[PDB]
>>> print(open('input11.csv').read())   # CSV, C-alpha atoms
chain,number,residue,atom,x,y,z
A,203,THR,CA,-16.4,3.2,13.4
A,204,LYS,CA,-15.8,6.3,11.3
A,205,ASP,CA,-13.0,8.8,10.7
A,206,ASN,CA,-11.1,9.6,13.9
A,207,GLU,CA,-13.5,7.4,15.8
A,208,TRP,CA,-12.3,4.1,17.1
A,209,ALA,CA,-14.4,1.8,19.3
A,210,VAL,CA,-12.3,-0.3,21.6
A,211,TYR,CA,-13.3,-3.7,23.0
A,212,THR,CA,-11.6,-5.7,25.7
A,213,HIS,CA,-11.8,-9.5,26.0
A,214,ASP,CA,-10.1,-12.1,28.3
A,215,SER,CA,-8.8,-15.1,26.4
A,216,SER,CA,-7.5,-16.8,29.5
A,217,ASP,CA,-10.9,-17.4,31.1
A,218,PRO,CA,-12.5,-20.5,29.7
A,219,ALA,CA,-15.9,-19.1,30.7
A,220,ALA,CA,-15.3,-15.6,29.6
A,221,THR,CA,-18.3,-13.8,28.1
A,222,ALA,CA,-18.0,-12.5,24.6
A,223,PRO,CA,-17.8,-8.7,24.6
A,224,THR,CA,-21.0,-7.3,23.2
A,225,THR,CA,-20.8,-3.7,24.4
A,226,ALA,CA,-18.1,-1.2,23.6
A,227,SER,CA,-15.5,-0.9,26.3
A,228,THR,CA,-14.4,2.6,25.3
A,229,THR,CA,-14.3,5.0,22.3
A,230,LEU,CA,-11.1,6.7,21.3
A,231,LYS,CA,-11.7,10.1,19.7
A,232,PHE,CA,-9.0,11.9,17.7
A,233,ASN,CA,-8.4,15.6,17.1
A,234,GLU,CA,-7.3,17.1,13.8
A,235,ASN,CA,-3.7,16.3,14.6
A,236,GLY,CA,-4.4,12.6,15.4
A,237,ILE,CA,-3.8,13.2,19.1
A,238,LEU,CA,-6.0,11.8,21.9
A,239,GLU,CA,-8.9,14.0,23.0
A,240,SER,CA,-11.2,11.6,25.0
A,241,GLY,CA,-11.6,8.0,26.0
A,242,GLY,CA,-7.8,7.4,26.6
A,243,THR,CA,-8.4,5.8,30.1
A,244,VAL,CA,-10.9,3.1,31.0
A,245,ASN,CA,-11.3,0.8,34.0
A,246,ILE,CA,-11.2,-2.9,32.9
A,247,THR,CA,-11.9,-5.9,35.2
A,248,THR,CA,-10.6,-9.3,34.3
A,249,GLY,CA,-12.1,-12.7,35.0
A,250,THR,CA,-11.9,-15.0,38.0
A,251,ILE,CA,-9.5,-18.0,37.5
A,252,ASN,CA,-8.6,-20.5,40.1
A,253,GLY,CA,-10.4,-18.6,42.8
A,254,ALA,CA,-8.3,-15.4,42.6
A,255,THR,CA,-9.6,-11.9,42.5
A,256,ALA,CA,-10.2,-10.4,39.1
A,257,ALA,CA,-7.8,-7.6,38.3
A,258,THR,CA,-9.5,-4.2,38.2
A,259,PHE,CA,-7.0,-2.0,36.5
A,260,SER,CA,-7.0,1.4,34.7
A,261,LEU,CA,-6.0,0.8,31.0
A,262,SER,CA,-4.6,4.1,29.7
A,263,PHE,CA,-4.0,4.7,26.0
A,264,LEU,CA,-1.9,7.8,26.7
A,265,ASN,CA,0.1,9.2,23.7
A,266,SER,CA,-1.8,7.0,21.3
A,267,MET,CA,-1.6,8.7,17.9
A,268,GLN,CA,-3.4,8.1,14.6
A,269,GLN,CA,-1.7,9.4,11.5
A,270,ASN,CA,-0.7,8.1,8.1
A,271,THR,CA,1.7,5.4,9.4
A,272,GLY,CA,2.0,2.5,7.0
A,273,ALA,CA,0.1,0.2,9.3
A,274,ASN,CA,-1.3,-0.2,12.9
A,275,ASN,CA,1.8,-0.7,15.1
A,276,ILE,CA,1.7,-1.0,18.9
A,277,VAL,CA,4.4,1.3,20.2
A,278,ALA,CA,4.6,0.4,23.9
A,279,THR,CA,2.9,-1.9,26.4
A,280,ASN,CA,3.4,-1.8,30.2
A,281,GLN,CA,1.7,-3.1,33.3
A,282,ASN,CA,2.8,-2.7,37.0
A,283,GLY,CA,1.8,-6.2,38.2
A,284,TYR,CA,4.3,-9.0,38.7
A,285,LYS,CA,4.2,-12.7,39.5
A,286,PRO,CA,5.8,-14.2,42.7
A,287,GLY,CA,9.4,-15.2,42.4
A,288,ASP,CA,12.4,-16.4,44.3
A,289,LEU,CA,15.6,-14.6,45.0
A,290,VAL,CA,18.1,-15.1,42.2
A,291,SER,CA,21.0,-12.7,42.8
A,292,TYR,CA,21.9,-9.5,44.6
A,293,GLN,CA,24.2,-6.5,44.1
A,294,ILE,CA,25.5,-3.3,45.7
A,295,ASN,CA,25.2,-0.3,43.3
A,296,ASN,CA,27.6,2.6,43.2
A,297,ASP,CA,25.2,4.8,45.2
A,298,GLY,CA,25.2,2.3,48.1
A,299,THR,CA,21.8,0.9,47.2
A,300,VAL,CA,21.4,-2.9,47.8
A,301,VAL,CA,19.3,-4.4,45.1
A,302,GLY,CA,18.0,-8.0,44.9
A,303,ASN,CA,17.2,-9.4,41.5
B,153,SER,CA,7.9,25.3,-5.3
B,154,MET,CA,7.4,24.2,-8.9
B,155,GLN,CA,10.0,25.1,-11.5
B,156,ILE,CA,9.3,24.3,-15.2
B,157,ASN,CA,10.5,25.1,-18.7
B,158,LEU,CA,7.7,26.0,-21.1
B,159,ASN,CA,8.0,25.7,-24.9
B,160,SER,CA,6.8,28.7,-26.9
B,161,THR,CA,5.9,26.8,-30.1
B,162,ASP,CA,3.3,24.5,-28.5
B,163,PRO,CA,0.0,25.0,-30.4
B,164,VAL,CA,-3.0,26.0,-28.5
B,165,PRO,CA,-5.2,22.9,-28.0
B,166,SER,CA,-8.3,22.9,-30.3
B,167,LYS,CA,-10.4,21.1,-27.7
B,168,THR,CA,-11.4,24.2,-25.7
B,169,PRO,CA,-12.3,24.6,-22.9
B,170,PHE,CA,-10.3,22.8,-20.3
B,171,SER,CA,-11.4,19.2,-19.4
B,172,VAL,CA,-9.6,16.9,-16.9
B,173,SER,CA,-10.7,13.9,-18.9
B,174,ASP,CA,-9.5,15.3,-22.2
B,175,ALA,CA,-5.7,14.7,-22.3
B,176,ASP,CA,-5.2,16.8,-25.4
B,177,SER,CA,-7.0,19.7,-23.7
B,178,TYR,CA,-3.8,20.7,-21.8
B,179,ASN,CA,-0.3,21.3,-23.0
B,180,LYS,CA,1.5,19.9,-19.9
B,181,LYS,CA,0.7,17.9,-16.8
B,182,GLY,CA,2.7,17.7,-13.6
B,183,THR,CA,2.2,16.1,-10.2
B,184,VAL,CA,3.4,17.3,-6.8
B,185,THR,CA,2.7,15.3,-3.6
B,186,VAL,CA,1.6,17.3,-0.5
B,187,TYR,CA,0.6,16.1,2.9
B,188,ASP,CA,-2.1,17.1,5.4
B,189,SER,CA,-2.2,17.1,9.2
B,190,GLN,CA,-2.9,13.4,9.3
B,191,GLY,CA,-0.1,12.8,6.8
B,192,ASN,CA,-2.3,11.7,3.9
B,193,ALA,CA,-0.7,12.0,0.5
B,194,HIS,CA,-2.4,14.3,-2.0
B,195,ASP,CA,-1.2,14.1,-5.6
B,196,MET,CA,-1.8,17.7,-6.8
B,197,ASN,CA,-2.1,17.4,-10.5
B,198,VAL,CA,-1.4,20.7,-12.3
B,199,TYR,CA,-2.2,21.4,-15.9
B,200,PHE,CA,-0.5,24.0,-18.1
B,201,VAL,CA,-2.5,25.4,-21.1
B,202,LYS,CA,-1.1,28.3,-23.2
B,203,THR,CA,-3.7,31.0,-23.7
B,204,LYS,CA,-1.7,33.5,-25.8
B,205,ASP,CA,1.9,34.4,-26.2
B,206,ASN,CA,3.7,34.5,-22.8
B,207,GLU,CA,0.4,33.8,-21.0
B,208,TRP,CA,-0.1,30.3,-19.4
B,209,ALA,CA,-3.1,29.2,-17.4
B,210,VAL,CA,-2.3,26.7,-14.7
B,211,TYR,CA,-5.1,24.5,-13.2
B,212,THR,CA,-5.0,22.4,-10.1
B,213,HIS,CA,-6.9,19.3,-8.9
B,214,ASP,CA,-6.3,16.5,-6.4
B,215,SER,CA,-6.8,12.9,-7.5
B,216,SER,CA,-7.0,11.7,-3.9
B,217,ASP,CA,-10.5,13.2,-3.1
B,218,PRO,CA,-13.3,11.7,-5.2
B,219,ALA,CA,-15.7,14.4,-3.8
B,220,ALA,CA,-13.5,17.3,-4.9
B,221,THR,CA,-14.9,19.8,-7.4
B,222,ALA,CA,-13.7,19.6,-11.0
B,223,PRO,CA,-11.4,22.5,-11.8
B,224,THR,CA,-13.3,24.9,-14.1
B,225,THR,CA,-11.7,28.2,-13.1
B,226,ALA,CA,-8.1,29.4,-13.5
B,227,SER,CA,-6.1,28.3,-10.5
B,228,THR,CA,-3.4,30.8,-11.6
B,229,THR,CA,-2.1,32.6,-14.7
B,230,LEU,CA,1.6,33.0,-15.4
B,231,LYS,CA,2.5,36.1,-17.4
B,232,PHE,CA,6.0,36.2,-18.9
B,233,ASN,CA,8.3,38.9,-20.2
B,234,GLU,CA,10.2,39.0,-23.5
B,235,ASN,CA,13.3,37.1,-22.5
B,236,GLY,CA,11.7,34.4,-20.4
B,237,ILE,CA,11.6,36.2,-17.1
B,238,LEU,CA,8.6,35.8,-14.9
B,239,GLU,CA,6.3,38.9,-14.6
B,240,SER,CA,3.2,38.1,-12.5
B,241,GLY,CA,1.0,35.3,-11.1
B,242,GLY,CA,3.9,33.1,-10.0
B,243,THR,CA,2.4,32.3,-6.6
B,244,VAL,CA,-1.0,31.0,-5.6
B,245,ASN,CA,-2.7,29.6,-2.5
B,246,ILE,CA,-3.8,26.0,-3.0
B,247,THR,CA,-6.2,24.0,-0.8
B,248,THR,CA,-6.5,20.2,-1.1
B,249,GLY,CA,-9.5,18.0,-0.3
B,250,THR,CA,-10.6,16.6,3.1
B,251,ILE,CA,-9.6,12.9,3.3
B,252,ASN,CA,-10.3,10.6,6.3
B,253,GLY,CA,-10.9,13.6,8.6
B,254,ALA,CA,-7.6,15.2,7.7
B,255,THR,CA,-7.8,19.0,7.3
B,256,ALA,CA,-7.3,20.3,3.7
B,257,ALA,CA,-3.7,21.3,3.1
B,258,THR,CA,-3.5,25.0,2.4
B,259,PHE,CA,-0.1,25.8,1.0
B,260,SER,CA,1.4,28.6,-1.1
B,261,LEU,CA,2.7,27.1,-4.4
B,262,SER,CA,5.2,29.3,-6.2
B,263,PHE,CA,6.4,29.2,-9.8
B,264,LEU,CA,9.6,31.2,-9.1
B,265,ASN,CA,12.7,30.6,-11.2
B,266,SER,CA,10.4,29.3,-14.0
B,267,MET,CA,11.8,30.2,-17.5
B,268,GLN,CA,10.0,29.9,-20.9
B,269,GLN,CA,12.0,29.5,-24.1
B,270,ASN,CA,12.1,27.3,-27.2
B,271,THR,CA,12.6,24.0,-25.5
B,272,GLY,CA,12.5,20.9,-27.6
B,273,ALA,CA,10.0,19.3,-25.3
B,274,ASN,CA,7.9,19.8,-22.1
B,275,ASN,CA,9.9,19.1,-19.0
B,276,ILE,CA,9.6,20.1,-15.3
B,277,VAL,CA,12.9,21.2,-13.8
B,278,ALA,CA,12.2,20.8,-10.1
B,279,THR,CA,9.4,20.1,-7.6
B,280,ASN,CA,9.9,20.8,-3.9
B,281,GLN,CA,7.6,20.7,-0.9
B,282,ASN,CA,8.3,20.9,2.8
B,283,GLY,CA,5.7,18.4,3.9
B,284,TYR,CA,6.3,14.7,4.6
B,285,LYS,CA,4.8,11.6,6.2
B,286,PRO,CA,5.5,10.4,9.8
B,287,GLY,CA,8.9,8.7,10.1
B,288,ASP,CA,10.6,6.5,12.6
B,289,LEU,CA,14.3,6.2,13.6
B,290,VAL,CA,16.2,4.0,11.1
B,291,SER,CA,19.7,5.3,11.9
B,292,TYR,CA,21.6,7.9,13.8
B,293,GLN,CA,25.0,9.5,13.1
B,294,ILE,CA,27.4,12.2,14.4
B,295,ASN,CA,28.7,14.7,11.8
B,296,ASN,CA,32.2,16.2,11.8
B,297,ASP,CA,30.8,19.5,13.3
B,298,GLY,CA,29.4,17.5,16.3
B,299,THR,CA,25.7,17.5,15.1
B,300,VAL,CA,23.8,14.4,16.1
B,301,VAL,CA,21.5,13.6,13.2
B,302,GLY,CA,18.8,10.9,13.3
B,303,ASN,CA,17.8,9.6,9.9
C,253,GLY,CA,-23.6,-38.6,4.5
C,254,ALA,CA,-21.6,-35.3,4.7
C,255,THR,CA,-23.4,-32.1,5.6
C,256,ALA,CA,-24.6,-30.2,2.6
C,257,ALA,CA,-22.1,-27.7,1.2
C,258,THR,CA,-23.7,-24.4,0.1
C,259,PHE,CA,-21.4,-22.0,-1.6
C,260,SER,CA,-21.7,-18.5,-3.2
C,261,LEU,CA,-20.9,-18.9,-6.9
C,262,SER,CA,-20.2,-15.6,-8.6
C,263,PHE,CA,-19.7,-14.9,-12.3
C,264,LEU,CA,-18.2,-11.5,-11.6
C,265,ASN,CA,-15.7,-10.1,-14.1
C,266,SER,CA,-17.3,-12.3,-16.8
C,267,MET,CA,-18.2,-10.4,-19.9
C,268,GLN,CA,-20.2,-11.0,-23.1
C,269,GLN,CA,-18.4,-9.5,-26.1
C,270,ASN,CA,-17.2,-10.4,-29.6
C,271,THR,CA,-14.5,-12.8,-28.6
C,272,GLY,CA,-13.7,-15.6,-31.1
C,273,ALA,CA,-15.5,-18.2,-28.9
C,274,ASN,CA,-16.8,-19.0,-25.4
C,275,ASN,CA,-13.5,-18.9,-23.4
C,276,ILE,CA,-13.1,-19.2,-19.7
C,277,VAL,CA,-10.7,-16.5,-18.4
C,278,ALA,CA,-10.2,-18.0,-14.9
C,279,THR,CA,-11.7,-20.2,-12.2
C,280,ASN,CA,-11.2,-19.7,-8.5
C,281,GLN,CA,-12.5,-21.4,-5.3
C,282,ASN,CA,-11.8,-21.4,-1.6
C,283,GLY,CA,-12.5,-25.1,-0.9
C,284,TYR,CA,-9.7,-27.6,-0.5
C,285,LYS,CA,-8.7,-31.3,0.1
C,286,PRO,CA,-6.8,-33.3,2.8
C,287,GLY,CA,-3.1,-34.1,2.3
C,288,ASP,CA,0.0,-34.7,4.3
C,289,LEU,CA,2.9,-32.3,4.9
C,290,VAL,CA,5.7,-32.3,2.3
C,291,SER,CA,7.9,-29.3,2.8
C,292,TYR,CA,8.5,-26.5,5.3
C,293,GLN,CA,10.4,-23.3,4.7
C,294,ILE,CA,11.3,-19.9,6.2
C,295,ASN,CA,10.9,-17.0,3.8
C,296,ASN,CA,12.9,-13.8,3.6
C,297,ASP,CA,10.4,-12.1,6.0
C,298,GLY,CA,10.6,-14.7,8.7
C,299,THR,CA,7.4,-16.5,7.9
C,300,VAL,CA,7.4,-20.2,8.5
C,301,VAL,CA,5.2,-21.9,5.9
C,302,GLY,CA,4.4,-25.5,5.2
C,303,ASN,CA,3.5,-26.8,1.8
D,102,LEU,CA,7.5,-11.3,-14.1
D,103,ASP,CA,6.4,-12.1,-10.5
D,104,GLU,CA,3.2,-13.7,-9.1
D,105,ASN,CA,1.3,-10.5,-10.0
D,106,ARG,CA,3.2,-10.4,-13.3
D,107,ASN,CA,5.1,-7.3,-12.4
D,108,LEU,CA,8.6,-6.6,-13.7
D,109,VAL,CA,11.0,-7.8,-11.0
D,110,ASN,CA,14.7,-8.5,-10.5
D,111,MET,CA,16.2,-11.6,-8.8
D,112,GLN,CA,15.2,-10.5,-5.3
D,113,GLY,CA,11.7,-9.4,-6.3
D,114,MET,CA,12.9,-5.8,-6.9
D,115,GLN,CA,9.9,-4.2,-8.6
D,116,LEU,CA,10.5,-2.1,-11.6
D,117,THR,CA,9.0,1.4,-11.6
D,118,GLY,CA,8.4,4.0,-14.2
D,119,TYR,CA,6.0,6.5,-15.8
D,120,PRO,CA,2.6,4.8,-16.0
D,121,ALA,CA,0.0,5.2,-18.7
D,122,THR,CA,-3.1,7.2,-17.6
D,123,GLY,CA,-6.3,8.4,-19.3
D,124,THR,CA,-8.8,6.8,-21.6
D,125,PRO,CA,-7.1,5.6,-23.7
D,126,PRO,CA,-4.0,5.4,-21.5
D,127,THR,CA,-1.2,7.7,-22.6
D,128,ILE,CA,2.4,8.2,-21.5
D,129,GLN,CA,2.6,11.0,-19.0
D,130,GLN,CA,6.1,12.2,-18.2
D,131,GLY,CA,4.8,14.5,-15.5
D,132,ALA,CA,3.1,11.7,-13.6
D,133,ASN,CA,4.6,10.2,-10.5
D,134,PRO,CA,6.7,7.0,-11.1
D,135,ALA,CA,4.7,3.9,-10.6
D,136,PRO,CA,5.4,0.2,-10.8
D,137,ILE,CA,5.1,-1.3,-14.3
D,138,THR,CA,2.3,-3.8,-14.4
D,139,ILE,CA,1.6,-6.3,-17.2
D,140,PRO,CA,-1.8,-8.0,-16.6
D,141,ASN,CA,-3.0,-10.9,-18.7
D,142,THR,CA,-6.5,-9.6,-18.8
D,143,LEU,CA,-8.2,-9.5,-22.2
D,144,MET,CA,-8.8,-6.1,-23.9
D,145,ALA,CA,-12.3,-4.8,-24.3
D,146,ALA,CA,-13.6,-3.2,-27.6
D,147,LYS,CA,-13.9,0.5,-28.3
D,148,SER,CA,-16.7,1.6,-30.6
D,149,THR,CA,-15.6,3.2,-33.8
D,150,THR,CA,-16.0,7.0,-33.7
D,151,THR,CA,-13.9,8.4,-36.6
D,152,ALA,CA,-13.0,6.7,-39.8
>>> encode(input="input11.csv", output="C-alpha cells")
Amino acid sequence: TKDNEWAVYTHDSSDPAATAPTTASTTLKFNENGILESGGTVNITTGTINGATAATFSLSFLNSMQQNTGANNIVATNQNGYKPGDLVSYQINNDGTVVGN
Amino acid sequence: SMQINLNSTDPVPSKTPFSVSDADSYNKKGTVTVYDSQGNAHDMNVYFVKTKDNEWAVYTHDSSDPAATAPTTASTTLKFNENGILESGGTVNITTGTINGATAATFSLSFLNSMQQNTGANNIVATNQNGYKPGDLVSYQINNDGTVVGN
Amino acid sequence: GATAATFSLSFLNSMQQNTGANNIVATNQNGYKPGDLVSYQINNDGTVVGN
Amino acid sequence: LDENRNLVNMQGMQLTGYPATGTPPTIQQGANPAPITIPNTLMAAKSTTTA
C-alpha cells in the first residue's frame, strides 16, 4: 500500500461458496532494516466444507523480511495439521524409541 | 575508496559553472555503486573538474533518486603536491537519497592513493565499496586451512 | 449476433514530424482468433508452452 | 540480435559495455557497463543552433 507497508488478504479457494475478501486481513509493517515490527501474527478462520469445522489457526509471518531481493520469494511454509492415515512401516531408533511411519 | 589518475593538461571547461546536464562542463565522470539498509543500489555519479593547477573539485549526485537536490556546491576539493602526492581533501562524507523507505547511505568516500600526472587519457584506477545486496547460498566449500566458506 | 466489442484504441508514441511521408511505425493489439494446437515445447527455464 | 534486438550469443548471452548517456548521448568510460541495445525506433529532429 506504500513503502514498508503491505496489506495482506486471506482467501479460501477450496470453498465453492467462499466470500470474496473485501476487508484487509492484516497489515505487515517494516522497520528501516526490513524486519517485522507489527502485524506478523493473525488469526484466520477457514470455510466449512462437507460439514467439518472451519480451521481457526494463527498464521504467523515470523522472520518475514523485505529487502532488495530480486523478487518476492516465499522462504518457508509450515502447518501443524495432518490428514488421517494408515500405518505403513515401523522402526526402532538407536535411542530405543519405537517410531511408526 | 576511489583511486583515479588525473591528467594535468586537460583544459578548464569554458562552460562554467558546473551543470549535471552539460557533459562538457566536467573533465571526468565516474560511477560507484553503494547500497542502503534495504539493499537498494545507488549509482553515485562523481564529477571531476580542474579549477587550477593541482586543485580538482569533485561533485557527487545520485541518479537513483529523482527528488535529490542538484549538486551546486563542492562535494570535495582535492589539493595535490608537486610530484603527484595527495595533500588535502581526500576524504569526504557522502549521503545518498531516500528510496522506497530505505535510509540514506552515509559513507566516507576516500581518494587515497590517487596520483596526478601527465596521463594520456582520463582513467579510474580502482573503485571499492564494502556494501552489497542480499545474497543466498549458491555453494559451499572447505579450504585447505579448514575454513568453511559459503559462496 | 456477437456481443459488441469495445476496445481502447491508442495512438501513443505516434509523432508528427518531417518524415518523407505518412508511415506507420507499428501496430499492436490484444485480440486473437481460434485455432488448433500445432506444437508443444519445454524451454530452457522449464516452461511448457504450446504454439 | 534477439527479440528485443540486443546483441546476444548463441545461448542468448547479452553483450554489455559502456552505454551512451546525455543529450546528445556520448560515450562515457566512467559509466557502469550496460547491455548494448539497438532499437529500430526512428530518430527525431534537433533544431539547428549553430551554423
>>> residues_around(input="input11.csv", residues="residue 138 of chain D", least_positions_apart="5", cutoff="10 Å", atoms="only C-alpha atoms", output="count of residues only")
10
>>> residues_around(input="input11.csv", residues="residue 143 of chain D", least_positions_apart="3", cutoff="12 Å", atoms="all atoms listed in the file", output="compact mmCIF listing (two decimals) with C-alpha atoms, in the frame of the given file")
# COMPACT_ATOMS: atom_id res chain seq x y z
CA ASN C 265 -15.70 -10.10 -14.10
CA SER C 266 -17.30 -12.30 -16.80
CA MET C 267 -18.20 -10.40 -19.90
CA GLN C 269 -18.40 -9.50 -26.10
CA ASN C 270 -17.20 -10.40 -29.60
CA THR C 271 -14.50 -12.80 -28.60
CA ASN C 275 -13.50 -18.90 -23.40
CA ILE C 276 -13.10 -19.20 -19.70
CA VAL C 277 -10.70 -16.50 -18.40
CA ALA C 278 -10.20 -18.00 -14.90
CA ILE D 139 1.60 -6.30 -17.20
CA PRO D 140 -1.80 -8.00 -16.60
CA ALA D 146 -13.60 -3.20 -27.60
>>> interface_residues(input="input11.csv", of="chain B", to="chain A", cutoff="7 Å", atoms="all atoms listed in the file", output="PyMOL selection string")
chain B and resi 189-192+252-255+285-286
>>> closest_residue(input="input11.csv", among="C:282, C:303, C:268, C:288", to="chain D", atoms="all atoms listed in the file")
C:268
>>> atom_distance(input="input11.csv", atom1="atom CA of residue 246 of chain A", atom2="atom CA of residue 288 of chain A")
29.5 Å
>>> decode(input="input11.csv", residues="segment 261-288 of chain A", atoms="N, CA and C atoms", output="mmCIF file, in the first residue's frame")
data_model
loop_
_atom_site.group_PDB
_atom_site.id
_atom_site.type_symbol
_atom_site.label_atom_id
_atom_site.label_comp_id
_atom_site.auth_asym_id
_atom_site.auth_seq_id
_atom_site.Cartn_x
_atom_site.Cartn_y
_atom_site.Cartn_z
ATOM 1 N N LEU A 261 -1.957 -17.702 11.837
ATOM 2 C CA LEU A 261 -0.973 -17.581 10.771
ATOM 3 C C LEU A 261 0.065 -16.558 11.216
ATOM 4 N N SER A 262 1.316 -16.996 11.316
ATOM 5 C CA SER A 262 2.420 -16.159 11.754
ATOM 6 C C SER A 262 3.387 -15.956 10.597
ATOM 7 N N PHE A 263 3.714 -14.696 10.324
ATOM 8 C CA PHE A 263 4.680 -14.340 9.297
ATOM 9 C C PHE A 263 6.067 -14.108 9.879
ATOM 10 N N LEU A 264 6.423 -14.842 10.932
ATOM 11 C CA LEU A 264 7.660 -14.594 11.658
ATOM 12 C C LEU A 264 8.866 -14.707 10.735
ATOM 13 N N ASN A 265 9.833 -13.815 10.944
ATOM 14 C CA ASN A 265 11.076 -13.720 10.185
ATOM 15 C C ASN A 265 10.861 -13.288 8.739
ATOM 16 N N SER A 266 9.665 -12.816 8.387
ATOM 17 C CA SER A 266 9.473 -12.213 7.078
ATOM 18 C C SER A 266 10.322 -10.954 6.961
ATOM 19 N N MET A 267 10.979 -10.804 5.817
ATOM 20 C CA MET A 267 11.988 -9.772 5.650
ATOM 21 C C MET A 267 11.885 -9.183 4.251
ATOM 22 N N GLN A 268 11.796 -7.852 4.200
ATOM 23 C CA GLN A 268 11.631 -7.107 2.950
ATOM 24 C C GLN A 268 12.904 -6.308 2.701
ATOM 25 N N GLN A 269 13.687 -6.751 1.723
ATOM 26 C CA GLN A 269 14.893 -6.040 1.332
ATOM 27 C C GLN A 269 15.040 -6.200 -0.177
ATOM 28 N N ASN A 270 16.085 -5.636 -0.781
ATOM 29 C CA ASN A 270 16.198 -5.602 -2.234
ATOM 30 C C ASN A 270 16.588 -6.965 -2.802
ATOM 31 N N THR A 271 15.792 -7.990 -2.508
ATOM 32 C CA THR A 271 15.908 -9.258 -3.211
ATOM 33 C C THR A 271 15.324 -9.104 -4.610
ATOM 34 N N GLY A 272 15.868 -9.857 -5.565
ATOM 35 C CA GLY A 272 15.470 -9.737 -6.956
ATOM 36 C C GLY A 272 13.983 -9.886 -7.211
ATOM 37 N N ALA A 273 13.293 -10.644 -6.359
ATOM 38 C CA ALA A 273 11.852 -10.819 -6.491
ATOM 39 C C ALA A 273 11.229 -11.234 -5.165
ATOM 40 N N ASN A 274 9.914 -11.439 -5.155
ATOM 41 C CA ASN A 274 9.218 -11.893 -3.958
ATOM 42 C C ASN A 274 9.223 -13.417 -3.920
ATOM 43 N N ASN A 275 10.044 -13.987 -3.040
ATOM 44 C CA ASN A 275 10.159 -15.432 -2.906
ATOM 45 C C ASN A 275 9.693 -15.848 -1.520
ATOM 46 N N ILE A 276 8.897 -16.909 -1.467
ATOM 47 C CA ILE A 276 8.432 -17.472 -0.205
ATOM 48 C C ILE A 276 9.511 -18.413 0.313
ATOM 49 N N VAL A 277 10.034 -18.121 1.500
ATOM 50 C CA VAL A 277 11.157 -18.881 2.037
ATOM 51 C C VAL A 277 10.702 -20.208 2.636
ATOM 52 N N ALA A 278 9.688 -20.185 3.499
ATOM 53 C CA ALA A 278 9.267 -21.391 4.196
ATOM 54 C C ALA A 278 7.778 -21.326 4.500
ATOM 55 N N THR A 279 7.118 -22.473 4.364
ATOM 56 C CA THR A 279 5.722 -22.638 4.739
ATOM 57 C C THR A 279 5.585 -23.882 5.605
ATOM 58 N N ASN A 280 4.777 -23.773 6.657
ATOM 59 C CA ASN A 280 4.617 -24.884 7.584
ATOM 60 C C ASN A 280 3.246 -24.808 8.234
ATOM 61 N N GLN A 281 2.682 -25.980 8.511
ATOM 62 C CA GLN A 281 1.429 -26.084 9.246
ATOM 63 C C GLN A 281 1.442 -27.393 10.022
ATOM 64 N N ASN A 282 0.855 -27.355 11.217
ATOM 65 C CA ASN A 282 0.946 -28.464 12.157
ATOM 66 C C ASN A 282 -0.236 -29.420 12.088
ATOM 67 N N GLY A 283 -1.163 -29.225 11.151
ATOM 68 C CA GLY A 283 -2.244 -30.168 10.963
ATOM 69 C C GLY A 283 -1.897 -31.237 9.944
ATOM 70 N N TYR A 284 -2.474 -32.418 10.138
ATOM 71 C CA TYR A 284 -2.210 -33.538 9.245
ATOM 72 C C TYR A 284 -3.507 -34.306 9.021
ATOM 73 N N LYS A 285 -3.580 -34.980 7.874
ATOM 74 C CA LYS A 285 -4.711 -35.785 7.455
ATOM 75 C C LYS A 285 -4.615 -37.187 8.049
ATOM 76 N N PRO A 286 -5.742 -37.888 8.212
ATOM 77 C CA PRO A 286 -5.679 -39.260 8.733
ATOM 78 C C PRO A 286 -4.949 -40.197 7.785
ATOM 79 N N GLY A 287 -4.255 -41.181 8.337
ATOM 80 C CA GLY A 287 -3.515 -42.130 7.526
ATOM 81 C C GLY A 287 -3.399 -43.465 8.226
ATOM 82 N N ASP A 288 -3.035 -44.479 7.448
ATOM 83 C CA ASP A 288 -2.861 -45.834 7.944
ATOM 84 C C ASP A 288 -1.387 -46.110 8.205
#
